[PDB]
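Sequence order for the protein chains is d, c, D and C. Counting from 1, one number per residue, gives the positions in the first sequence under the entry's author numbering. Counting from 1, one number per residue, gives the positions in the second sequence under the entry's author numbering. Counting from 251, one number per residue, gives the positions in the third sequence under the entry's author numbering. Counting from 51, one number per residue, gives the positions in the fourth sequence under the entry's author numbering. Ideal Cβ positions, reconstructed from N, Cα and C, are used throughout, including at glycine. Have a look at the structure below before the remarks.
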Amino acid sequence: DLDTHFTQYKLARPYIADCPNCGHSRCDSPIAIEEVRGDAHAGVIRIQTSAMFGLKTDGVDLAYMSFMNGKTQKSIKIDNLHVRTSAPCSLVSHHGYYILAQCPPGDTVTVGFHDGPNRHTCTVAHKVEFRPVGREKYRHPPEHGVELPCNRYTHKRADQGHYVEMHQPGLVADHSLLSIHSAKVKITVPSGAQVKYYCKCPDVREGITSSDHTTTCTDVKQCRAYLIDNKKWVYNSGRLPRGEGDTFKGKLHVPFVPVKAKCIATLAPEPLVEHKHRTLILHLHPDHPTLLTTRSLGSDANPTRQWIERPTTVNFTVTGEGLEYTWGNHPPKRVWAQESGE
Amino acid sequence: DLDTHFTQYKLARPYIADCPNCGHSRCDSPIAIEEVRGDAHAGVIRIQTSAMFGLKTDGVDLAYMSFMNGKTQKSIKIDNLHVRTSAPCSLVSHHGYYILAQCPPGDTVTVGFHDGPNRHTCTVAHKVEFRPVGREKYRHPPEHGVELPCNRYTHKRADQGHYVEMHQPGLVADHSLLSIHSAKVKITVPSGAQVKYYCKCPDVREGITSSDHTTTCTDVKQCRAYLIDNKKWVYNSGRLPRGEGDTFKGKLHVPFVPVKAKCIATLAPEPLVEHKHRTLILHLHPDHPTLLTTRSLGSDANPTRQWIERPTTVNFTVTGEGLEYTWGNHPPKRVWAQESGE
Amino acid sequence: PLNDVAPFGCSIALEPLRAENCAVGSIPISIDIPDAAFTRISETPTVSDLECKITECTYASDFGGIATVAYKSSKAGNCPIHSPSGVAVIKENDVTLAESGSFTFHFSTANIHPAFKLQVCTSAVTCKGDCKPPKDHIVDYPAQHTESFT
Amino acid sequence: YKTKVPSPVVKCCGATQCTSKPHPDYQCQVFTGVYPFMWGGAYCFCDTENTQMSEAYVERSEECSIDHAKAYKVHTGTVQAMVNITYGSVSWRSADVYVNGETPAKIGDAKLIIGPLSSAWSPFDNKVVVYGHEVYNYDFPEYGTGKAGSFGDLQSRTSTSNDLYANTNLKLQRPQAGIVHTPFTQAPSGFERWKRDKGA
Numbered sequence: 001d002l003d004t005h006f007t008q009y010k011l012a013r014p015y016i017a018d019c020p021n022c023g024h025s026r027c028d029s030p031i032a033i034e035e036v037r038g039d040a041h042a043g044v045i046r047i048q049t050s051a052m053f054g055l056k057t058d059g060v061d062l063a064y065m066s067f068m069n070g071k072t073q074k075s076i077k078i079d080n081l082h083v084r085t086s087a088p089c090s091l092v093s094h095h096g097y098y099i100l101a102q103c104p105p106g107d108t109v110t111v112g113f114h115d116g117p118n119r120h121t122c123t124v125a126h127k128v129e130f131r132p133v134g135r136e137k138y139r140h141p142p143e144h145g146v147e148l149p150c151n152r153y154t155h156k157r158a159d160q161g162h163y164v165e166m167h168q169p170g171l172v173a174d175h176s177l178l179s180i181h182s183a184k185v186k187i188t189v190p191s192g193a194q195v196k197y198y199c200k201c202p203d204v205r206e207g208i209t210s211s212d213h214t215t216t217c218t219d220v221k222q223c224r225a226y227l228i229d230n231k232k233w234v235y236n237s238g239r240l241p242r243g244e245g246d247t248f249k250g251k252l253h254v255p256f257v258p259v260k261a262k263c264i265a266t267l268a269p270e271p272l273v274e275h276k277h278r279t280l281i282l283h284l285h286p287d288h289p290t291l292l293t294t295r296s297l298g299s300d301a302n303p304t305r306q307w308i309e310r311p312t313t314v315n316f317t318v319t320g321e322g323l324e325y326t327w328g329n330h331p332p333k334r335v336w337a338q339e340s341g342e
Numbered sequence: 001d002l003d004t005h006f007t008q009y010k011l012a013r014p015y016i017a018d019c020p021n022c023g024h025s026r027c028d029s030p031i032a033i034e035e036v037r038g039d040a041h042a043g044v045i046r047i048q049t050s051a052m053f054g055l056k057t058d059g060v061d062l063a064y065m066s067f068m069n070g071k072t073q074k075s076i077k078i079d080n081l082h083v084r085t086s087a088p089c090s091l092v093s094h095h096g097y098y099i100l101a102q103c104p105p106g107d108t109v110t111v112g113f114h115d116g117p118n119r120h121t122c123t124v125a126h127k128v129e130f131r132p133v134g135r136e137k138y139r140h141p142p143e144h145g146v147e148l149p150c151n152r153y154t155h156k157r158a159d160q161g162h163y164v165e166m167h168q169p170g171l172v173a174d175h176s177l178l179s180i181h182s183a184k185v186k187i188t189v190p191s192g193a194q195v196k197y198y199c200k201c202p203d204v205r206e207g208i209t210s211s212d213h214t215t216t217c218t219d220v221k222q223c224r225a226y227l228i229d230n231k232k233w234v235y236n237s238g239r240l241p242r243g244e245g246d247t248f249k250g251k252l253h254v255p256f257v258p259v260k261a262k263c264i265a266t267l268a269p270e271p272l273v274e275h276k277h278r279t280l281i282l283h284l285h286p287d288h289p290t291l292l293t294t295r296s297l298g299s300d301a302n303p304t305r306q307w308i309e310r311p312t313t314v315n316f317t318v319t320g321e322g323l324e325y326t327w328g329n330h331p332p333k334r335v336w337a338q339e340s341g342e
Numbered sequence: 251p252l253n254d255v256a257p258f259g260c261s262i263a264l265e266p267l268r269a270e271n272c273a274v275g276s277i278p279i280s281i282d283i284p285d286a287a288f289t290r291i292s293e294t295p296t297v298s299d300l301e302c303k304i305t306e307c308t309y310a311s312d313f314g315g316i317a318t319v320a321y322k323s324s325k326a327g328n329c330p331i332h333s334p335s336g337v338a339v340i341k342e343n344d345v346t347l348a349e350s351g352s353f354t355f356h357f358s359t360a361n362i363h364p365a366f367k368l369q370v371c372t373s374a375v376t377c378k379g380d381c382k383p384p385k386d387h388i389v390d391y392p393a394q395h396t397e398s399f400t
Numbered sequence: 051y052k053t054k055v056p057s058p059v060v061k062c063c064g065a066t067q068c069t070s071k072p073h074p075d076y077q078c079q080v081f082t083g084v085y086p087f088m089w090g091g092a093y094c095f096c097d098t099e100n101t102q103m104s105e106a107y108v109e110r111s112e113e114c115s116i117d118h119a120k121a122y123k124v125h126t127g128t129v130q131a132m133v134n135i136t137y138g139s140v141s142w143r144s145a146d147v148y149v150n151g152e153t154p155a156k157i158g159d160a161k162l163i164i165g166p167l168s169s170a171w172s173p174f175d176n177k178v179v180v181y182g183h184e185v186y187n188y189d190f191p192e193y194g195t196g197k198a199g200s201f202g203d204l205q206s207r208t209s210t211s212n213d214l215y216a217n218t219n220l221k222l223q224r225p226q227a228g229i230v231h232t233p234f235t236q237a238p239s240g241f242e243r244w245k246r247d248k249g250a
């Protein structure tokens with residue numbers, strides 16, 4: 001059932017916005033990255049391109065690829081997507097404007113497909129990290145260890161847990177329109193779309209037309225090449241110009257809700273328990289920085305906290321009634337230290 | 001002489017195991033990464049894929065590529081291998097199940113080729129570093145500097161210094177077998193291979209057969225789709241199910257032995273020697289963190305150690321008989337400080 | 251977190267916002283038993299003219315303390331037991347009895363010279379003796395919980 | 051070390067009791083309650099009687115042959131020298147000698163007796179660890195004892211010696227969510243540290 005979210009698919013178009021460091025510098029990429037969310041734990045980021053990949057223009061195959069080239073879409077194959085950061089990421093799934101991808105940490109986020117003639121990427125700043133949930137501060141999820149309640153995004157699309165406003169596009173520039181009528185500047189239209197037109201000189205002042213000419217002005221560089229083409233709504237990017245007329249409809253879901261997955265998760269190597277008189281020597285040797293902590297169960301709590309990444313023999317003045325001990329997200333231990341001094 | 005290790009080549013197959021974060025999550029990749037060894041110094045890691053690249057199925061060209069697709073191999077070209085970490089690594093050489101690749105440090109290890117229709121990668125956690133041998137703590141090998149005895153793996157294959165056990169595979173699942181005989185669940189066989197079969201209901205209880213049917217059960221999901229196909233041994237991965245019958249033969253070498261190469265190696269910029277009365281002022285200015293240390297040659301040793309990465313003017317109370325001075329793996333200096341106070 | 255920094259021994263849940271298992275202080279508890287559950291006194295064996303002694307008292311938490319009791323019964327059957335003194339905590343609630351046999355029980359104490367009464371179904375006895383310290387103290391929480399001046 | 055895991059057993063319906071094989075630090079623990087996804091989804095048709103027996107032993111790395119610390123009990127022995135004498139008009143002898151005060155060395159023409167020296171400070175301590183070229187006068191714990199993580203978690207008599215002592219605290223855990231693999235939870239070696247938290 002890839003055919004349950006024609007809310008977005010039929011009605012939304014691949015938006016194009018201003019990528020900030022688009023290979024060279026600020027281009028206008030269709031895959032302009034907004035709303036980077038390195039807020040989960042599972043090595044995953046949910047991203048929004050302004051491009052709406054997924055099904056085609058019409059009806060088929062999530063795994064195809066529709067961005068904007070020109071005023072027009074290009075609903076073709078996804079062949080060579082690349083999200084990346086400090087390292088190349090791993091795609092997880094796309095739906096709508098939105099992609100989920102398993103990334104490592106990275107100061108930035110750097111996205112891009114390959115149309116085939118050109119690289120045509122888009123890149124952005126965003127502070128990314130991946131702490132796993134647990135008192136172990138890994139840099140990456142392992143193959144083993146305990147499972148425990150992480151925060152993470154779904155693989156799936158059949159999703160309604162939230163919805164973001166997606167009303168119309170405003171106009172857009174297209175000076176490919178403003179040709180010349182052998183002495184006058186000549187506007188045309190896409191398909192009968194609504195072209196909003198006048199020039200610095202006095203001539204036609206609104207523009208809701210088929211292909212007009214321009215009686216007064218001559219220069220292409222002093223005219224209103226506009227495309228009110230609101231047959232398909234958009235995401236309400238900050239890098240969108242408002243459609244000044246109205247808040248049109250187009251409430252549209254988000255696929256990648258943050259969910260309470262139990263990540264395959266961390267585990268720190270077991271401790272070396274060593275006895276002394278009402279005292280735990282613990283030669284200790286972790287894999288990664290591990291937050292150890294305890295609770296001397298007297299009404300005097302006297303707890304301790306210390307991230308341990310360097311192997312360290314530590315000590316704990318255990319009392320008569322007991323202490324507990326938390327080697328990372330490994331479960332909490334407990335200890336009777338009554339006498340040992342005879 | 002690529003034709004001297006048919007121990008592995010003829011007799012071992014490209015094993016398939018469970019990659020831990022296979023792009024999305026835990027897949028079963030043929031290139032499932034076990035035994036990451038970031039234990040040498042030269043920017044190099046020796047890795048084992050469960051896939052056996054090298055020669056083809058039969059006899060030719062180390063630089064071809066045989067992984068498992070289906071129950072079957074696919075002995076084709078290596079075209080677009082990618083080992084990588086925090087950055088993309090550099091391949092060094094492959095032999096058997098095993099690849100050597102020059103990597104930078106990385107919290108993880110992330111491997112993958114490109115079959116051509118699909119990325120089809122595999123990734124894993126492993127703490128990696130590359131200290132070069134020397135009192136300089138670089139992050140990377142330079143072009144120049146002194147040579148000194150590092151630990152490192154070979155380029156080559158003509159190698160016997162160790163051998164790992166490689167006995168049979170256990171069975172594997174293949175529910176492509178369990179078709180339907182228009183009302184009954186229908187097992188088949190690869191090539192006359194040994195299919196180990198029964199269902200939750202009572203029917204044929206061992207299965208050592210050609211294509212059988214199933215009188216009793218009907219559902220594919222309650223039957224034993226197994227492949228005892230022990231015509232080619234495997235690596236004894238932890239992600240292997242035991243071949244329950246026996247410890248078959250198949251002792252098989254390792255190519256990439258750790259050897260006593262002299263890495264092209266580190267060197268720290270020369271010191272600025274400055275005289276004082278029985279005292280070495282040393283304005284000092286390294287490239288990287290350099291472990292300096294000394295030995296006041298009296299029977300009172302009074303040594304000193306400090307990693308220096310930040311440029312620092314230091315001091316050394318030299319005695320009458322002498323001191324020595326070790327600017328990184330730059331050779332040890334020595335100094336007469338008799339009087340200078342007249 | 252408070253399940254890692256609290257005092258007096260608590261655990262926590264995002265559930266009704268409980269703080270489980272907070273071991274602190276005492277609770278004045280009172281029960282009304284069903285009188286049907288009682289056995290009348292003339293049906294349990296009278297055990298007096300007995301003798302009690304430790305045999306290997308373990309000065310410890312786990313029920314290492316033991317003591318034979320020269321049971322001197324009248325009838326034969328069960329006999330509930332308890333040390334009304336809190337010095338000794340006993341693993342056995344009830345001991346079976348033949349006609350004046352002997353049956354060891356297990357317990358734990360905190361005073362080197364455990365002079366605790368034992369009430370074997372209306373027959374008191376001092377199980378005086380001496381105890382030995384153990385060696386092996388790294389596992390969960392005790393059954394003794396009776397530390398005082400010793 | 052190298053946790054060179056032998057490939058676990060997976061009995062599909064019922065238990066497989068493990069035995070304590072004589073491999074060094076042969077850690078093995080039976081496990082039930084699996085559903086092992088192996089290339090076709092799961093393959094064992096039961097759901098709790100699916101049994102998985104993980105086994106892992108410790109073994110010398112391939113680097114153990116070549117990149118390896120090396121303990122010693124160090125006594126005093128006997129000191130030497132390539133004493134040159136460009137003697138008299140002889141003008142040359144560069145001979146290797148001893149210190150023990152009755153040894154001559156008639157190399158050249160002169161007979162020469164040296165020592166014993168009075169300065170018996172062996173800079174080596176009694177117990178020494180040795181690594182490639184960097185020599186550490188370290189109180190290595192002993193063969194047969196070294197606490198896991200601490201130096202000498204692996205302790206082989208020599209490189210050839212198949213027997214050893216591997217206190218690595220190797221503890222297998224059950225594989226997750228019905229998938230084939232082998233959780234080996236282990237201290238990285240006290241040879242891993244001792245190379246970057248060592249002494250000078």
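When DSSP states are grouped into helix, strand and coil, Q222/d belongs to the helix group. Looking at the backbone, the Cα of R207/C and that of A119/C are separated by about 12 Å.
Around the beta carbon of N315/c, a 10 Å sphere encloses fewer than 16 other beta carbons of the protein chains shown; the residue is thus reported as exposed.
Contacts with chain C (Cβ-Cβ distance below 8 Å) from the segment 213-226 of chain c involve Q222, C223, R224, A225 and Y226, listed in chain order. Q48/d is bridged by DSSP to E34/d and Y98/d.
In chain order, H167 place their CB closer than 7 Å to the CB of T247/d, counting only its own chain and leaving out the 5 sequence neighbours on each side.
Per DSSP, the unbroken beta strand (DSSP E) holding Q306/d starts and ends at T304 to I308. Sequence-ordered contacts of the segment 164-182 of chain c with chain C read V164, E165, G170, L171, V172, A173, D174, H175 and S176 [C-beta pairs closer than 8 Å]. Chain-order list of chain c residues neighbouring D107/d: empty, with the shortest C-beta distance near 12 Å, by a criterion of under 8 Å. Taking a Cβ-Cβ threshold of 7 Å, the residues of chain d close to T235/C are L267, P269 and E270, in chain order.
According to the DSSP assignment, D58/c belongs to no beta strand (DSSP E), since it is labelled neither H nor E. Interface residue (Cβ-Cβ distance to chain D less than 8 Å): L148/d is not classified as such. The segment 17-33 of chain c and the segment 209-222 of chain c do not touch, with fewer than three beta-carbon pairs separated by less than 8 Å. With its beta carbon at least 8 Å from every one in chain c, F174/C lies outside the interface. One Cα belongs to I157/C, the other to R334/c, and the distance between them is close to 32 Å. With a 10 Å radius around the Cβ and a threshold of 16 neighbouring Cβ atoms, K197/C comes out buried. Excluding residues up to 5 positions away in sequence, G196, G199, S200, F201, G202 and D203 lie with their Cβ nearer than 7 Å to the Cβ of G240/C in the same chain. Across the segment 189-213 of chain C, no CB contact with chain c closer than 7 Å is found for any residue.
Straight-line spacing of the CA atoms in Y188/C and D175/C works out to 8 Å. The beta carbon of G38/c sits closer than 6 Å to those of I45 and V128, all from its chain and outside the five residues before and after it, given in chain order. Selection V147/C, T126/C and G127/C evaluated against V133/C yields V147/C as nearest (Cα-Cα).
The C-beta distance from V83/d to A63/d rounds to 15 Å, too long to meet the 8 Å contact threshold. Using a Cβ-Cβ cut-off of 9 Å, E321/c is close to nothing in chain C; its nearest Cβ partner there is about 14 Å away.
Exposed is the label assigned to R246/C, since fewer than 16 other Cβ atoms lie within 10 Å of its Cβ. Boundaries of the beta strand (DSSP E) around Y122/C: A119 to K123. Going by beta carbons, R224/c and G250/c fall outside the 8 Å limit.
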